[PDB]
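Working notes, beginning with the structure itself.
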Amino acid sequence: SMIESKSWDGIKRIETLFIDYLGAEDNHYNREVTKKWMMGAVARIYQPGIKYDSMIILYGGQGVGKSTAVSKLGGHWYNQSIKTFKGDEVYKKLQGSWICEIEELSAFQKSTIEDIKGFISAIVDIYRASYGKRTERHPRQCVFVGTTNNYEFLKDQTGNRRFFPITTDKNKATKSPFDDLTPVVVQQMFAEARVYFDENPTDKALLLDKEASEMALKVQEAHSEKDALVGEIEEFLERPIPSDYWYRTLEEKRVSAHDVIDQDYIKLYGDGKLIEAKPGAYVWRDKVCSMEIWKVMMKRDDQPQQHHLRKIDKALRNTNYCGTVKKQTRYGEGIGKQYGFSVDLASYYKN
Amino acid sequence: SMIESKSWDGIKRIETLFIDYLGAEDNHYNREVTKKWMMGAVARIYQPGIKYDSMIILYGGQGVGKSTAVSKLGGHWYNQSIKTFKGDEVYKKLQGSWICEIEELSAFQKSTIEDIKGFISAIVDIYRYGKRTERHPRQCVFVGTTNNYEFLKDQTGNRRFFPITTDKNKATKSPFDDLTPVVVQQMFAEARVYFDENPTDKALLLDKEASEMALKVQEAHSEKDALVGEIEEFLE
Amino acid sequence: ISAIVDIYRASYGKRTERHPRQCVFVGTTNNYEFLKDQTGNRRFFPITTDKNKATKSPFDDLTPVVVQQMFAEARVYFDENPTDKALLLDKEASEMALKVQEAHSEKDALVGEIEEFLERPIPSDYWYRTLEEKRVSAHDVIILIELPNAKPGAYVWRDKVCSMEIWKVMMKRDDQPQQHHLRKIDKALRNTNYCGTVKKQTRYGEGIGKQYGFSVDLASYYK
Amino acid sequence: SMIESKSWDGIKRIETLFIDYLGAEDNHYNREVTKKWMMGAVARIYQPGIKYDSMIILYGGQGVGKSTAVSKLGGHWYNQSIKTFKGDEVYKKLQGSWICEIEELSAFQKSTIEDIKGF
Ligand SMILES: Nc1ncnc2c1ncn2[C@@H]1O[C@H](COP(=O)(O)OP(=O)(O)OP(O)(O)=S)[C@@H](O)[C@H]1O
Ligand SMILES: Nc1ncnc2c1ncn2[C@@H]1O[C@H](COP(=O)(O)OP(=O)(O)OP(O)(O)=S)[C@@H](O)[C@H]1O
Ligand SMILES: Nc1ncnc2c1ncn2[C@@H]1O[C@H](COP(=O)(O)OP(=O)(O)OP(O)(O)=S)[C@@H](O)[C@H]1O
Ligand SMILES: [Mg+2]
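Residue numbers (PDB author numbering), protein chains in the order written: chain A, 121 to 396, 400 to 474; chain F, 121 to 248, 251 to 358; chain B, 240 to 381, 386, 394 to 473; chain E, 121 to 239.
Spelled out as structure tokens, the structure:
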């Protein structure tokens, strides 16, 4: 009834919603993502089972007004009680809720990425009523928008395509959500969203544009917490190692791997190099092991725990030089016969 | 109804399920384990309370279409909304589910692996307005989809998790366009035929050589502990 | 604290009802630095009480008549403008409240150390140096162009800062940092006024490699 | 009902159960322990309070079929649910099971010496 209370005027408000109410930059990504979120909300109202695994995340200052803007859009159906993603109670809390706010991403701290994906991407809520006799099977009519104050809130890098961060700034806000997001204005926003959705009512219409998706990937990486080990591993792997390197003891292996030459002095020919008998003296690395990284690159002597090599293996896989399958080979006196990668520096030395 | 909606003509689709759709290897282990998985699914449908503790696990990139292929196989009765595996209410989440998929985005904790072992190991569920209504069937068959290459930690979990390595650019058929309800129905009819040739749980087990080289695969997908080699070098 | 509605189902209830929050919160503390947030604490309003400066005693003088009179006065003031905006503090009160909240909050001592480290001029060839050379040159104490008792342009202002550069050069630590160390260094860098807020990938050196870092602008410092 | 469903013919297959099905050596210790284990199983299903502190641990390769032999022995009453000896959850998973299997002795890794000895 609210959506159809008034016909849309034609003012095109939803695209610049967070742009001029919260100060988000006037990118194509922001416009597309806010438009798609509004259409997704209207779709979940009109098609209660429609698929939608996206969610907006609003980053900004303490006083910018993110929660107030979400509350105005939610109105009576706004939800502020999703503090966890586990248990059967939250699905009951999503009954009369349409716009749901993961305030401060509090649930994120408690939950795991799999739980977040399962909660966001669900379609139905299977639970019996308090006094009913039969399970009710309510479709999921709620759409999720989270607000945060921490810049680097996406700690994981495996599943992050769902979250679309938006960077707000109070100084950039032309309007104010406190007195300008009147119920008539949100009604006119949702009317426009309904018009756009009706232009093509399908679950694929809620996906982002190709250019919008291309910026979305970059923004998700910019808001994702990075691993600084992979850069160090890559720099260590890019060092030419002398020929007959695996036949040296560990003590001289460390000094050979820690004699660093500038990349201008390589004087390469694709594979051969004269670092200034010289052409064959040094050669690119052919293999690397997690234990070799532990003992040679980090100059460690204590026996490493399992999680250290788990982290080193993750870093080596994230490295663009190493593959993904591990082969068993002898590495040296301190490393022994180990499962290691086959580093191929083809991406490197193409300079 | 769907499995018996149409009989099975001779096409031999059961063996090359994940090979030509997810770019797996044309290996005897892959064919045998995919065939046994489909037979286990149709057996759990037909002989509801059966002993089938195996679990296909698919490894691949972020977009090889393993979850899409699993959803295409499951249809309406595909399930992914299972994230915790210990407790009592979990058995309620299995009511309308046939193919349950466990997706591992980030690395599972050591407890979660034991939880999924003890979950897929069950063959019966108990729920409830009288007579305790023991939901004996347990028609569910489980498939996991993992992002990390090395997902096996314990030696206990081996011999029950059957990993399959899925690659891209080598898949003959696209899972987004070629897994249609007709083809999956024909595959399940073929599985019905093969399982009905020997309706027993012993028929769901792998071939002897298939199992012995499944041991090799499970070793190739497990953590290495990296210390036996150093001790060997010290001893040498 | 900021929540306005609680959605939940009562003990003997039919549905998960929405309950507007009719309660107002006050806290009493004995610790001084009780605010543990460094980003901001606008909602909290620390009031520093002190006995021997109390002209009246809450144990004897706060009779229910007195509190009823206080709440009647509050109702009068609110009814002068029955709006949420009326509840907001005065423009001067807000400016003083910002200072009070930062006074009663916990401080990140790493931020000052980071800022001091970034203020040291570095040799023009700083990035084309060994890690030990970087530790030697950066750790010395040192008229946009500088003359630290040398030729002009031998020392310039820093333009890139990495968390691993902080970990390896400023702290001079050869230990491999846990992710919680680099998270703290990243927060310290973001709270720095010289440092920006968006990280861009660039290669730093032999021990650091190609890693995401900030472009640092010392315009505030040398001016 | 199953135990006395059919009388016992004098075949003498109790003392060599693990000997000729799992390949254990033909020691006197092996025969005695497996015979006493089966006698204790029958006792505990007949005299529920009987005191039987023993439990047989089958050590062997990963293909000898220890779990298979144990499951065949147990029948519909075989249990592999137990994973730890801490709390009342183990007692609640130990009620409807005649034979309980400590898979890979995982519980032994997750519990103290005193806890496993008491349980
Ligand atoms: N009626 C109002 N008129 C103007 N400003 C208001 C009003 N109500 C609250 N504010 C101010 O708006 C800011 C709080 O708005 P919120 O929606 O809580 O912002 P937020 O950025 O979501 O906050 P957090 O703390 O990050 S959840 C504070 O500066 C308040 O003083
Ligand atoms: N026509 C298409 N339809 C659907 N997805 C497509 C299509 N073309 C490419 N894709 C991509 O294929 C992937 C589909 O994979 P999913 O089934 O959603 O999850 P997945 O393949 O299992 O990967 P993970 O590691 O589990 S998230 C997504 O990354 C899509 O962007
Ligand atoms: N028909 C068969 N004949 C012989 N061996 C078989 C046959 N079917 C399966 N196996 C093997 O028997 C083993 C089955 O494992 P289980 O039943 O748990 O017994 P197990 O050998 O103790 O294994 P674990 O890991 O120690 S519990 C696997 O090694 C299979 O390869
Ligand atoms: Mg807020």
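The beta-carbon is built from N, C-alpha and C at its ideal position, and this holds for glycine as well.
DSSP has residue i in a bridge; who is on the other side?
i: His258 of chain B; result: B:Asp245
i: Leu274 of chain B; result: B:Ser344
i: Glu223 of chain A; result: A:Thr267
i: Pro360 of chain B; result: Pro360 of chain B is not bridged to any residue.
i: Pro168 of chain E; result: Per DSSP, none; premise fails for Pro168 of chain E.
i: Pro285 of chain F; result: F:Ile177
i: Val411 of chain B; result: B:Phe464
i: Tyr198 of chain F; result: F:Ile219
i: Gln383 of chain A; result: In DSSP, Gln383 of chain A forms no bridge with anything.
Rank the options by C-alpha distance to the C-alpha of residue i and give the top, closest one.
i: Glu256 of chain B; options: A:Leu214, A:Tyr172, A:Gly183 and A:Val153; result: A:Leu214
i: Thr287 of chain F; options: F:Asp129, F:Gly143 and F:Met159; result: F:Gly143
i: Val339 of chain F; options: F:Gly252, F:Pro297 and F:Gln277; result: F:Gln277
i: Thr136 of chain A; options: A:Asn150, A:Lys126 and A:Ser470; result: A:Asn150
i: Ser465 of chain B; options: B:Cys445, B:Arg374, B:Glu396 and B:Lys473; result: B:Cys445
i: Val263 of chain A; options: A:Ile219, A:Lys275, A:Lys292 and A:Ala242; result: A:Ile219
i: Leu439 of chain B; options: B:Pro285, B:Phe284, B:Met309 and B:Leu349; result: B:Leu349
i: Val406 of chain A; options: A:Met335, A:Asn280 and A:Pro360; result: A:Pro360
i: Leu178 of chain F; options: F:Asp329, F:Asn270 and F:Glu334; result: F:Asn270
i: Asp289 of chain A; options: A:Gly183, A:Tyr172 and A:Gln383; result: A:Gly183
i: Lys203 of chain F; options: F:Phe239, F:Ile176 and F:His196; result: F:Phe239
i: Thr452 of chain A; options: A:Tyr166, A:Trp366, A:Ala400 and A:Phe228; result: A:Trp366
i: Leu468 of chain B; options: B:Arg248, B:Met309, B:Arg408 and B:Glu334; result: B:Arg408
Taking the Cβ atom as the reference point for each residue, do residue i and residue j lie within a distance shorter than 7 Å?
i: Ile236 of chain A; j: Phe205 of chain A; result: yes
i: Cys412 of chain B; j: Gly463 of chain B; result: yes
i: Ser174 of chain E; j: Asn199 of chain E; result: no
i: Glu331 of chain A; j: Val265 of chain A; result: no
i: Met122 of chain F; j: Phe317 of chain F; result: no
i: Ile170 of chain A; j: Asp323 of chain A; result: yes
i: residue 249 of chain F; j: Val162 of chain F; result: It's not possible to place residue 249 of chain F here, given that chain F moves directly from 248 to 251.
i: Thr442 of chain A; j: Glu358 of chain A; result: no
i: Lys422 of chain B; j: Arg368 of chain B; result: no
i: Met414 of chain A; j: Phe356 of chain A; result: no
i: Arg260 of chain B; j: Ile243 of chain B; result: yes
i: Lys292 of chain A; j: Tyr141 of chain A; result: no
i: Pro402 of chain B; j: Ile395 of chain B; result: yes
Below 7 Å on C-beta distance, what does residue i contact in chain F?
i: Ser226 of chain E; result: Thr278
i: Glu223 of chain E; result: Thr278
i: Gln461 of chain A; result: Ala348 and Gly351
Can you give the beta carbon distance from residue i to residue j, rounded, assuming they're within the 8 Å contact cut?
i: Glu272 of chain B; j: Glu371 of chain B; result: Contact flag wrong, Cβ pair sits at about 39 Å.
i: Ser226 of chain F; j: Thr232 of chain A; result: 7 Å
i: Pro297 of chain A; j: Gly185 of chain A; result: 5 Å
i: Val315 of chain F; j: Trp128 of chain F; result: 5 Å
i: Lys418 of chain B; j: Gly457 of chain B; result: 5 Å
i: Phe284 of chain A; j: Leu274 of chain A; result: About 11 Å; that fails the 8 Å criterion.
i: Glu224 of chain A; j: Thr268 of chain A; result: 6 Å
i: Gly351 of chain A; j: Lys460 of chain B; result: 5 Å
Quick one: which chain E residues come within Cβ less than 8 Å of residue i?
i: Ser127 of chain F; result: The contacting residues do not exist; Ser127 of chain F stays about 35 Å from chain E at best.
Please compile the residues from chain A whose C-beta is within a distance smaller than 9 Å of the C-beta of residue i.
i: residue 250 of chain F; result: Residue 250 of chain F falls within a stretch that is absent from the model, since chain F runs 248 to 251 with no residues between.
Run through chain E and tell me which residues come within less than 7 Å of residue i, C-beta to C-beta.
i: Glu124 of chain F; result: Under the 7 Å cutoff, chain E gives no residues; its nearest Cβ is about 30 Å from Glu124 of chain F.
i: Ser241 of chain F; result: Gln200
Give me the chain A residues within the contact set of residue i, using Cβ-Cβ distance strictly less than 7 Å, ordered along the chain.
i: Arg281 of chain B; result: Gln182 and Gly183
i: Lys275 of chain B; result: What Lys275 of chain B touches in chain A: nothing, since even the nearest Cβ is about 14 Å away.
i: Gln261 of chain B; result: What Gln261 of chain B touches in chain A: nothing, since even the nearest Cβ is about 15 Å away.
List, in chain order, every chain B residue whose beta-carbon is nearer than 7 Å to that of residue i.
i: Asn199 of chain A; result: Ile246
Could you tell me which chain F residues have their CB closer than 8 Å to the CB of residue i, listed as they occur along the chain?
i: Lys203 of chain E; result: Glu234 and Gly238
i: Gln429 of chain A; result: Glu345 and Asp347
Compute the minimum distance between the beta carbon of residue i and the heavy atoms of ligand 5, and state whether it is under 6 Å.
i: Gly183 of chain A; result: In the structure on display, ligand 5 does not appear, and the ligands it does have are ligand 1, ligand 2, ligand 3 and ligand 4.
Since residue i meets chain A, which of its residues come closer than 8 Å, beta carbon to beta carbon?
i: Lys206 of chain F; result: Here the premise fails: no neighbours, minimum Cβ distance about 12 Å.
Mind pulling the chain B residues with CB within less than 8 Å of residue i?
i: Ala342 of chain A; result: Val448 and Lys449
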